[PDB]
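For reference, the structure discussed in these notes is given below.
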Amino acid sequence: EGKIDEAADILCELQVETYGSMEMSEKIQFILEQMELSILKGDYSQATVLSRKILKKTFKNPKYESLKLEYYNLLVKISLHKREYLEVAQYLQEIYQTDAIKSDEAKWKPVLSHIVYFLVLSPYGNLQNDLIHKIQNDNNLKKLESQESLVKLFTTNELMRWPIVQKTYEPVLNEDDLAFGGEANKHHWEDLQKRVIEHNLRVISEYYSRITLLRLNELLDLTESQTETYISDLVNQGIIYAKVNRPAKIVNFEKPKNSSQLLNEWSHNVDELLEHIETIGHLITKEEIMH
Amino acid sequence: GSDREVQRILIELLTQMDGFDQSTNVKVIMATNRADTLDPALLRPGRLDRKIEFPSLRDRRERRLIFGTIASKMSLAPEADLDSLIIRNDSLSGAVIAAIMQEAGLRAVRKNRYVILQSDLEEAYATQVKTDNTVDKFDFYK
Amino acid sequence: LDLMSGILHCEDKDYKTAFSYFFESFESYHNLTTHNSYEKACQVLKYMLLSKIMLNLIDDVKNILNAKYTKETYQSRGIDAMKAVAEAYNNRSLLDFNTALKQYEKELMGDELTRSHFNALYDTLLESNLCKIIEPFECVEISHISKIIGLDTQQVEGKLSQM
């Protein structure tokens with residue numbers, strides 16, 4: 001029937017009430033099923049409430065290991081709808097730490113591919129960094145190369161080009177389902193566009209104090225207008241700070257530094273030169289004996 | 001013997017308090033819950049011409065100010081209006097308002113919503129009714 | 001007596017204390033007889049809305065607006081002005097604000113108090129727009145700036161001269 005929406009509600013209403021008579025393994029099981037129903041309902045906030053009912057701590061035990069795995073599988077769904085790319089990433093990493101998944105060859109395959117897409121799908125910044133090397137450390141990741149070339153491109157500050165990166169990964173990773181391979185996941189392939197170009201921006205800012213706006217448009221592979229908009233958002237969110245000049249002469253990537261800071265710093269370079277001479281003098285002593 | 005010590009502090013305090021008049025420094029501000037302990041002739045206007053009374057009957061507007069501070073902390077649920085809280089208090093002071101809001105959000109945490117439900121405040125308000133009932137009174141004062 | 005204290009703080013650009021007075025009159029009016037005091041409730045409802053717009057809380061617009069009587073009896077042309085401006089303010093677009101106030105020109109005209117705070121609103125939401133604009137730009141054309149705010153080119157020029 002079409003009364004599927006009413007059906008989801010009834011079953012949740014019963015089980016929100018804490019019961020003690022149900023075994024812990026049964027109570028936990030029943031909540032997983034409530035959550036499922038809330039996905040098909042499409043009221044996602046309710047699923048999130050149901051998730052927070054049960055504790056992640058309790059699952060750790062090898063008995064509830066099975067309940068543990070399904071619990072985090074469901075958290076993927078709620079997060080993926082709301083295109084909170086960061087949160088998806090986090091969940092996928094918990095799935096990996098499961099004993100079952102790490103040990104069996106086959107079981108890690110899709111999960112680890114997913115981790116790589118989603119790390120890239122969250123904005124670059126600092127948070128990504130502290131995470132990405134915890135993923136790098138892992139030998140199972142080193143086995144795969146289809147995935148590896150995607151993460152290491154994004155890790156290196158080496159410039160890459162969008163419409164060419166796209167082709168490399170078009171018949172492989174665009175065609176991995178529940179990542180980019182699903183229908184609404186096609187628009188997450190498209191969203192990768194934004195990632196690739198904001199990353200190249202982030203690096204280019206640091207290296208180039210000044211780069212001509214025209215040059216930047218060719219590197220980024222987009223019209224001037226789109227380019228103008230993405231610089232503005234990146235300043236707002238404050239990773240870099242920049243000054244753009246409208247006739248389209250220069251984009252001057254810099255955060256300005258005052259005369260007092262620049263002068264304070266000059267005294268220190270000088271202090272280090274004075275040390276350099278002093279050390280060499282002891283070693284002159286030594287060297288005359290050595291011969 | 002130890003009463004006399006309490007008495008020494010007390011007298012020495014009066015002498016200097018009268019004498020602190022017409023300094024630049026604001027004169028001693030003191031707070032008392034009950035003033036039956038104080039003796040009215042000694043401690044008196046002129047030391048202390050401004051004597052502030054703090055009410056407890058309050059008003060519909062006076063309470064409203066308090067509810068706003070509460071409400072900022074965490075957006076009230078849209079289950080029913082902001083204006084609901086306001087109606088149920090009828091004369092109570094801030095102190096009770098605070099005890100109400102404290103219980104309400106505790107129970108909020110269990111459900112897994114950080115928004116305090118308007119039901120919760122309703123139950124918390126309703127309770128605290130005790131304060132020597134009418135049975136004892138009505139058998140010999142009514 | 002309460003409404004007067006409310007009007008006086010309202011102009012002092014305080015909107016918490018001002019609100020508390022204007023609500024305290026609203027209630028009195030209802031339980032009073034409707035010889036004229038239904039009509040005086042409409043006017044007091046505008047200034048209740050007005051304080052809250054300036055605070056840019058639109059949660060509390062919705063809490064105030066209800067199916068009891070605000071949207072029935074005390075519903076008027078001025079009430080429409082207050083909610084449309086409220087959303088445009090939330091949107092944070094000085095273009096929409098101008099667009100709403102074009103057809104509510106008569107409402108600004110009959111309400112002196114409304115017209116004063118709406119002069120202020122213009123400038124405050126202008127700033128909120130402006131602080132974003134001048135960060136990632138240096139030597140930006142005024143033509144370009146005028147598109148973002150939504151205001152006239154000339155009008156932009158003159159406002160900045162004051163800022």
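For the structure tokens, the naming scheme is as follows: chains receive sequential letters (A, B, ...) according to their order of presentation, residues are indexed from 1 within each chain, and ligands are indexed from 1 in presentation order.
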
Identify, on the basis of only C-alpha atoms, every residue whose closest approach to region 134-144 of chain C does not exceed 8 Å; exclude the query and any residue fewer than 2 positions from it along the same chain; express the result as an mmCIF file with N, CA and C atoms, in the first residue's frame.
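around.cif was written with the following content:
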```cif
data_model
loop_
_atom_site.group_PDB
_atom_site.id
_atom_site.type_symbol
_atom_site.label_atom_id
_atom_site.label_comp_id
_atom_site.auth_asym_id
_atom_site.auth_seq_id
_atom_site.Cartn_x
_atom_site.Cartn_y
_atom_site.Cartn_z
ATOM 1 N N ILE A 231 36.834 32.335 -5.856
ATOM 2 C CA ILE A 231 37.857 33.003 -5.038
ATOM 3 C C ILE A 231 37.143 33.604 -3.894
ATOM 4 N N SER A 232 35.924 34.280 -4.146
ATOM 5 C CA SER A 232 35.239 35.024 -3.155
ATOM 6 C C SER A 232 34.779 34.238 -1.955
ATOM 7 N N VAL A 235 37.671 33.166 0.474
ATOM 8 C CA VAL A 235 38.140 34.227 1.329
ATOM 9 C C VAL A 235 37.231 34.319 2.519
ATOM 10 N N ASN A 236 35.914 34.176 2.307
ATOM 11 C CA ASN A 236 34.859 34.270 3.306
ATOM 12 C C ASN A 236 35.095 33.272 4.400
ATOM 13 N N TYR A 241 43.314 34.781 2.132
ATOM 14 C CA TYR A 241 42.723 36.072 2.018
ATOM 15 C C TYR A 241 43.484 36.666 0.913
ATOM 16 N N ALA A 242 42.788 37.503 0.072
ATOM 17 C CA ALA A 242 43.240 37.749 -1.231
ATOM 18 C C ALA A 242 42.667 39.067 -1.631
ATOM 19 N N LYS A 243 43.137 39.697 -2.782
ATOM 20 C CA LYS A 243 42.679 40.914 -3.282
ATOM 21 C C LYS A 243 42.640 40.614 -4.752
ATOM 22 N N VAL A 244 41.467 40.939 -5.316
ATOM 23 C CA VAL A 244 41.172 40.742 -6.748
ATOM 24 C C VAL A 244 40.887 42.066 -7.365
ATOM 25 N N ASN A 245 41.402 42.248 -8.588
ATOM 26 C CA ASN A 245 41.298 43.517 -9.270
ATOM 27 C C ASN A 245 40.490 43.284 -10.460
ATOM 28 N N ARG A 246 39.309 43.993 -10.550
ATOM 29 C CA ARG A 246 38.221 43.876 -11.474
ATOM 30 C C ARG A 246 38.556 44.074 -13.002
ATOM 31 N N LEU C 130 28.105 44.949 2.760
ATOM 32 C CA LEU C 130 29.343 45.631 2.380
ATOM 33 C C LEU C 130 30.573 44.966 2.921
ATOM 34 N N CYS C 131 30.578 44.485 4.234
ATOM 35 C CA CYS C 131 31.718 43.904 4.927
ATOM 36 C C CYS C 131 32.149 42.663 4.204
ATOM 37 N N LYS C 132 31.254 41.824 3.687
ATOM 38 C CA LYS C 132 31.546 40.696 2.836
ATOM 39 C C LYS C 132 32.290 41.145 1.563
ATOM 40 N N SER C 146 27.338 47.421 -7.077
ATOM 41 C CA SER C 146 25.913 47.715 -7.170
ATOM 42 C C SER C 146 25.026 46.507 -7.507
ATOM 43 N N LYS C 147 25.483 45.537 -8.334
ATOM 44 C CA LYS C 147 24.798 44.264 -8.627
ATOM 45 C C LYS C 147 24.613 43.438 -7.395
ATOM 46 N N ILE C 148 25.580 43.388 -6.448
ATOM 47 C CA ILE C 148 25.638 42.406 -5.360
ATOM 48 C C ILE C 148 24.621 42.789 -4.301
ATOM 49 N N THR C 153 23.166 52.279 -8.967
ATOM 50 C CA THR C 153 24.570 52.688 -9.077
ATOM 51 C C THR C 153 24.922 53.966 -8.417
ATOM 52 N N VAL C 156 24.258 53.730 -4.512
ATOM 53 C CA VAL C 156 25.436 53.100 -3.943
ATOM 54 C C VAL C 156 26.493 54.191 -3.669
ATOM 55 N N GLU C 157 26.810 55.011 -4.689
ATOM 56 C CA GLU C 157 27.884 55.975 -4.611
ATOM 57 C C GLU C 157 27.710 56.845 -3.416
#
```

Practice problem: Using only C-alpha atoms, select each residue of chain B with any atom at most 12 Å away from an atom of chain C, and give the selection as a ChimeraX atom specification. | Solution: /B:59-69,71-72,75-87

I need the chosen residues saved as a compact mmCIF listing (two decimals), in the first residue's frame, with N, CA, C and O atoms.
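Result file part-v5.txt:
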```txt
# COMPACT_ATOMS: atom_id res chain seq x y z
N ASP B 59 5.66 40.89 37.32
CA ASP B 59 4.72 41.35 36.35
C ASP B 59 4.98 40.42 35.18
O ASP B 59 5.98 39.74 35.05
N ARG B 60 4.01 40.44 34.28
CA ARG B 60 3.94 39.81 33.05
C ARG B 60 5.11 40.27 32.20
O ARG B 60 5.90 39.41 31.70
N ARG B 61 5.37 41.58 32.13
CA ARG B 61 6.57 42.16 31.42
C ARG B 61 7.83 41.82 32.11
O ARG B 61 8.84 41.53 31.47
N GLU B 62 7.97 41.87 33.51
CA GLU B 62 9.22 41.59 34.22
C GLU B 62 9.73 40.15 33.97
O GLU B 62 10.91 39.93 33.63
N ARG B 63 8.81 39.18 33.95
CA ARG B 63 9.06 37.78 33.64
C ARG B 63 9.46 37.48 32.24
O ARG B 63 10.30 36.59 32.04
N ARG B 64 8.95 38.29 31.21
CA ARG B 64 9.16 38.15 29.91
C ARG B 64 10.60 38.31 29.63
O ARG B 64 11.15 37.61 28.76
N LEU B 65 11.35 39.20 30.31
CA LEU B 65 12.71 39.51 30.13
C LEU B 65 13.59 38.29 30.43
O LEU B 65 14.47 37.93 29.65
N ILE B 66 13.24 37.58 31.53
CA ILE B 66 13.87 36.40 31.97
C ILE B 66 13.72 35.29 30.96
O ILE B 66 14.68 34.58 30.71
N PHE B 67 12.51 35.09 30.37
CA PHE B 67 12.23 33.97 29.47
C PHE B 67 13.10 34.13 28.23
O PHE B 67 13.64 33.12 27.73
N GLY B 68 13.32 35.36 27.74
CA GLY B 68 14.16 35.67 26.59
C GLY B 68 15.60 35.20 26.76
O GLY B 68 16.22 34.68 25.81
N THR B 69 16.12 35.26 28.02
CA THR B 69 17.49 34.95 28.17
C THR B 69 17.67 33.46 28.04
O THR B 69 18.61 32.94 27.51
N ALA B 71 15.65 31.40 26.33
CA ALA B 71 15.20 30.94 25.05
C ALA B 71 16.36 31.04 24.00
O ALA B 71 16.42 30.32 23.01
N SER B 72 17.28 32.02 24.19
CA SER B 72 18.40 32.31 23.34
C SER B 72 19.33 31.12 23.35
O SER B 72 20.00 30.77 22.34
N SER B 75 17.05 27.25 20.89
CA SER B 75 15.82 27.43 20.20
C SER B 75 14.81 26.41 20.77
O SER B 75 15.04 25.21 20.75
N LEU B 76 13.66 27.03 21.24
CA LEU B 76 12.54 26.34 21.69
C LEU B 76 11.97 25.59 20.53
O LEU B 76 11.89 26.16 19.45
N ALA B 77 11.51 24.34 20.80
CA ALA B 77 10.81 23.49 19.82
C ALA B 77 9.65 24.25 19.18
O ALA B 77 9.06 25.09 19.87
N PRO B 78 9.19 23.99 17.98
CA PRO B 78 8.06 24.60 17.35
C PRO B 78 6.79 23.80 17.62
O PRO B 78 5.93 23.98 16.78
N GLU B 79 6.73 22.95 18.68
CA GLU B 79 5.59 22.11 19.13
C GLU B 79 4.40 23.02 19.46
O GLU B 79 3.25 22.72 19.13
N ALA B 80 4.72 24.14 20.12
CA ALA B 80 3.86 25.28 20.40
C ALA B 80 4.83 26.40 20.61
O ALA B 80 6.06 26.21 20.69
N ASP B 81 4.25 27.67 20.57
CA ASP B 81 4.82 28.99 20.58
C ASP B 81 5.78 29.29 21.68
O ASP B 81 5.84 28.57 22.67
N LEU B 82 6.57 30.47 21.58
CA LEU B 82 7.48 30.99 22.59
C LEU B 82 6.59 31.41 23.71
O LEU B 82 6.97 31.27 24.85
N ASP B 83 5.42 32.03 23.38
CA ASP B 83 4.51 32.72 24.22
C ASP B 83 3.76 31.83 25.26
O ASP B 83 3.19 32.26 26.24
N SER B 84 3.81 30.50 24.98
CA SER B 84 3.24 29.54 25.94
C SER B 84 3.83 29.63 27.34
O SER B 84 3.05 29.40 28.30
N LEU B 85 5.16 29.83 27.54
CA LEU B 85 5.85 29.71 28.83
C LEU B 85 5.30 30.76 29.74
O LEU B 85 5.18 30.43 30.95
N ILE B 86 5.04 31.92 29.16
CA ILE B 86 4.71 33.23 29.70
C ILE B 86 3.40 33.12 30.47
O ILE B 86 3.29 33.62 31.61
N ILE B 87 2.42 32.40 29.93
CA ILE B 87 1.03 32.36 30.41
C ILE B 87 0.94 31.62 31.74
O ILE B 87 0.17 32.01 32.55
```

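A straight line drawn from CA of residue 124 (chain B) to CA of residue 103 (chain B) is 6.6 Å long.
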
Quiz prompt | Residues of chain A within 12 Å of chain B, only C-alpha atoms counted, as JSON, numbers by chain | solution = {"A": [16, 17, 18, 45, 46, 47, 48, 49, 50, 51, 52, 53, 54, 55]}

Self-check item: Which of chain C DSSP labels alpha helix (DSSP H), written as a ChimeraX atom specification
Solution: /C:2-11,17-31,39-54,59-64,77-91,94-103,105-110,112-133,142-149,153-162

Practice problem: Using only C-alpha atoms, pick whichever of C:86, C:125, C:58, C:133 has the shortest atom-to-atom distance to chain A. | Solution: C:133

Practice problem: Please provide as a list in words all residues within 12 Å of region 133-138 of chain A, with the sequence filter that same-chain residues fewer than 6 positions apart are discarded (counting only C-alpha atoms). | Solution: residues 89, 90, 92, 93, 94, 96, 97, 102, 108, 112, 113, 114, 115, 116, 118, 119, 126, 127, 144, 147, 148, 151, 152 and 155 of chain A

Mind checking which residues fall within 10 Å of residue 128 (chain B), counting only C-alpha atoms, ignoring those fewer than 2 positions away in the same chain, and posting them as a CSV table (one decimal) with N, CA and C atoms, in the first residue's frame?
```csv
chain,number,residue,atom,x,y,z
B,96,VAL,N,12.5,30.3,40.6
B,96,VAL,CA,11.7,29.2,40.3
B,96,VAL,C,11.8,28.9,38.8
B,99,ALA,N,14.7,26.9,38.1
B,99,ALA,CA,14.6,25.5,38.5
B,99,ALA,C,13.8,24.7,37.4
B,100,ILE,N,12.8,25.4,36.8
B,100,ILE,CA,12.0,24.8,35.8
B,100,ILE,C,12.7,24.4,34.6
B,123,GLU,N,5.4,20.2,32.4
B,123,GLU,CA,5.4,19.3,33.5
B,123,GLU,C,6.2,19.7,34.7
B,124,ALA,N,7.4,20.3,34.4
B,124,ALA,CA,8.2,20.8,35.4
B,124,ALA,C,7.7,22.0,36.2
B,125,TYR,N,6.9,22.9,35.5
B,125,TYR,CA,6.2,24.1,36.0
B,125,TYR,C,5.1,23.6,37.0
B,126,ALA,N,4.4,22.5,36.5
B,126,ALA,CA,3.2,22.0,37.1
B,126,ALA,C,3.4,21.5,38.5
B,130,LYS,N,3.6,21.3,46.2
B,130,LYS,CA,3.5,21.0,47.6
B,130,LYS,C,3.3,22.1,48.7
B,131,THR,N,4.4,22.7,49.1
B,131,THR,CA,4.5,23.9,49.9
B,131,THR,C,3.3,24.0,50.9
```
